[PDB]
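Below is one structure; the comments refer to it alone.
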Amino acid sequence: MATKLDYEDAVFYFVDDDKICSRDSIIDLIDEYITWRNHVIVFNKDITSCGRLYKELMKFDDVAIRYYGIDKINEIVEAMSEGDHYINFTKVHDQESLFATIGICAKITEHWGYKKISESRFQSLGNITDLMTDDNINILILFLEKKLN
């Protein structure tokens with residue numbers, strides 16, 4: 001019982017790429033994915049609605065659940081949605097945290113979709129692609145390449 005068109009407006013290209021892309025592609029990719037995590041919500045698309053590359057990004061949710069922890073993530077995501085948060089920072093620690101930074105952000109971007117949560121309409125976004133690095137892109141290609149390419 002649901003009266004709602006399955007919206008897409010699938011702007012993302014590498015969403016369903018299925019295979020490994022360029023360094024320059026993981027650049028836009030993070031923008032696409034973090035936005036796609038949102039589209040599954042706002043438009044209420046599908047999580048399965050994508051390609052191979054994206055499935056691994058989903059696992060960065062998990063890596064974050066492992067790292068930051070489901071508890072913290074739960075507290076954190078919700079914090080984001082009231083426009084008041086907290087957070088610590090990592091840098092040269094672990095690739096695990098590198099990935100974790102994406103998924104933790106991904107859980108936040110999705111959660112907002114239903115009503116377009118943020119409360120603060122201004123500065124509702126910012127560091128999404130800048131939350132990771134071209135250097136991370138290389139790691140990303142590599143991680144994916146394990147099954148990708």
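In the structure tokens, each chain is lettered A, B, ... as it comes, each chain's residues begin at 1, and ligands are numbered from 1 in order of appearance.
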
#### Entry: Members of chain A assigned alpha helix (DSSP H) by DSSP, as a VMD selection string
chain A and resid 25 to 42 52 to 64 70 to 81 95 to 111 134 to 145

Tell me which protein, DNA and RNA residues are within 9 Å of residue A:25, counting only C-alpha atoms, leaving out same-chain ones fewer than 5 positions away, and put them as a CSV table (one decimal) with N, CA, C and O atoms, in the first residue's frame.
```csv
chain,number,residue,atom,x,y,z
A,14,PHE,N,28.4,6.5,-13.1
A,14,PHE,CA,29.1,5.4,-12.6
A,14,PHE,C,28.3,4.6,-11.5
A,14,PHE,O,28.7,3.6,-11.1
A,30,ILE,N,32.1,10.1,-5.8
A,30,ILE,CA,31.8,10.3,-4.4
A,30,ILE,C,30.6,11.3,-4.3
A,30,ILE,O,29.7,11.1,-3.5
A,137,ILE,N,41.0,8.0,-3.9
A,137,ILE,CA,40.4,7.5,-5.2
A,137,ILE,C,41.2,6.3,-5.7
A,137,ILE,O,40.6,5.3,-6.1
```

### Message
Using only C-alpha atoms for the distances, tell me which of A:78, A:87, A:128, A:6 is nearest to residue A:42.
### Response
A:6

### Query
Excluding same-chain residues fewer than 4 positions from residue A:117, what lies within 12 Å of it counting only C-alpha atoms, as a PyMOL selection string?
chain A and resi 38+41-42+77-83+108-113+121-122+124-125

### Task
Find the residue from A:7, A:13, A:114, A:99 that sits nearest to residue A:59; use only C-alpha atoms when measuring.
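So, comparing all the options, the nearest one is A:99.
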
### Proximity to residue A:26 - best of A:47, A:70, A:53, A:76, only C-alpha atoms
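The closest residue to residue A:26 is A:53.
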
### Query
Which of these, A:98, A:29, A:73, A:40, has the shortest distance to residue A:60 once you count only C-alpha atoms?
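The closest residue to residue A:60 is A:98.
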
### Query
Which residues come within 12 Å of residue A:89, counting only C-alpha atoms, excluding same-chain residues fewer than 6 positions away, as JSON, numbers by chain?
{"A": [68, 97, 98, 100, 101, 131]}

### Query
With only C-alpha atoms as the atoms that count, which of A:106, A:10, A:65, A:148 lies nearest to residue A:129?
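Using only C-alpha atoms, the shortest distance to residue A:129 belongs to A:106.
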
### Task
Tell me, as an MDAnalysis selection string, which residues lie within 9 Å of residue A:23, counting only C-alpha atoms; anything in the same chain fewer than 3 positions away does not count.
chainID A and resid 26:27 134:135 137:138 140:141

### Task
Go through A:71, A:61, A:8, A:18 and flag the residue nearest residue A:45, using only C-alpha atoms for the distances.
A:8

### Message
One number please: atom CA of residue A:72 to atom CA of residue A:116, in Å, one decimal.
### Response
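According to the coordinates, atom CA of residue A:72 and atom CA of residue A:116 are separated by 22.1 Å.
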